[PDB]
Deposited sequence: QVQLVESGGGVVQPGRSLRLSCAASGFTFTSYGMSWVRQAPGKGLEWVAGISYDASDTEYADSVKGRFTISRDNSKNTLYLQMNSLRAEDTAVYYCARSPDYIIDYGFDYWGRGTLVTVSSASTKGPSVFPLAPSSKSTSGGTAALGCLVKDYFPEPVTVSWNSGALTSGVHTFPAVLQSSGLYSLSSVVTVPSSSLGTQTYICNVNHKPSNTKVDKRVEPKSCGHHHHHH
């Protein structure tokens, strides 16, 4: 059972340093090359660094050379990525990946779950949740939602009626505002005849700030 588990992600101010770890199990770790691959939000894949089975050879991407250091502890079955002089462009989900080789050729056959690294000067903040209230101005179907605004960092999770309401739910991906804070909306379409009897509550969880907000969305 090959398992790769990253850890050490989070928020880091520009210029600071952060150290990621990758715990490997389920295979002879000392026989395989390992790499770090990152993916910026909404962007493609970028290979970051790679290290041979015996740690005798390392290679790096052009944008990280001189700032990042990849290493491994073959007695602890752990891979490391030391990230120095971090920049906003380093914001990404970071994966550790195995190659089916003692170097890092032939692609990446096993991947970890990924850990989010957010490089920004913004401070951690829970979301302000405002209602997107319905009128009925739309026939037998009414639209309502919640504006989840000005939180940092990613991610938030949104449910409706504690998970009892799933049909018609659309939760948009976050956008980074000029303030450095994130914002998104979650919407749902419901029968307009239910607006007077059924209550609709969006449940917004922001684990980075340990904040959960429940907002009752009432017709206006």
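Enquirer: Where the model has no C-alpha, note the corresponding stretch of the deposited sequence, numbering from 1.
Expert: Residues missing from the model, as numbered along the full deposited sequence, span 136 to 137, 223 to 231.
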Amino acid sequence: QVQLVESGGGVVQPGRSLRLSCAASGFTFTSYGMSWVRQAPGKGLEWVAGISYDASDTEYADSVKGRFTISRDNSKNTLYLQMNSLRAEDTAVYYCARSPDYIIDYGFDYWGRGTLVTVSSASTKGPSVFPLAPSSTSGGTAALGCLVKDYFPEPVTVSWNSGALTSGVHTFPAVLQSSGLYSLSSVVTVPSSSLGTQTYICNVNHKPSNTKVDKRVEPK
From here on, numbers count along this sequence of modelled residues.
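Enquirer: Once you work out the mean C-alpha B-factor for both 120 to 128 and 144 to 152 from the entry, which is higher?
Expert: Between 144 to 152 and 120 to 128, it is 120 to 128.
Enquirer: Out of 198 to 206 and 8 to 16, which stretch has the higher average CA B-factor listed in the record?
Expert: Mean C-alpha B-factor is greater for 8 to 16.
Enquirer: Per the coordinate record, which of the options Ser138, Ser71, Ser99, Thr91 holds the highest CA temperature factor?
Expert: Of the options given, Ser138 has the highest CA B-factor in the PDB entry.
Enquirer: Based on what the PDB entry reports, which of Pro191, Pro173, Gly26, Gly50 has the top C-alpha B-factor?
Expert: Largest recorded C-alpha B-factor: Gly26.
Enquirer: Name the third of the chain's ranked CA B-factors that contains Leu181, choosing lowest, middle or highest.
Expert: Its C-alpha B-factor belongs to the middle third of this chain's values.
Enquirer: Tell me, lowest, middle or highest third: where does the Cα B factor of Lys215 rank within its chain?
Expert: For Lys215, the deposited C-alpha B-factor lands in the middle third.
Enquirer: Check where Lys43 lands among this chain's C-alpha B-factors and tell me if it's the lowest, middle or highest third.
Expert: Highest third, going by the recorded CA B-factors of the chain.
Enquirer: Sort the modelled residues of this chain by their C-alpha B factor and say whether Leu81 lands in the lowest, middle or highest third.
Expert: For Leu81, the deposited C-alpha B-factor lands in the lowest third.
Enquirer: Ranking the modelled residues of this chain by C-alpha B-factor as given in the entry, is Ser35 in the lowest, middle or highest third?
Expert: It falls in the bottom third of the chain.
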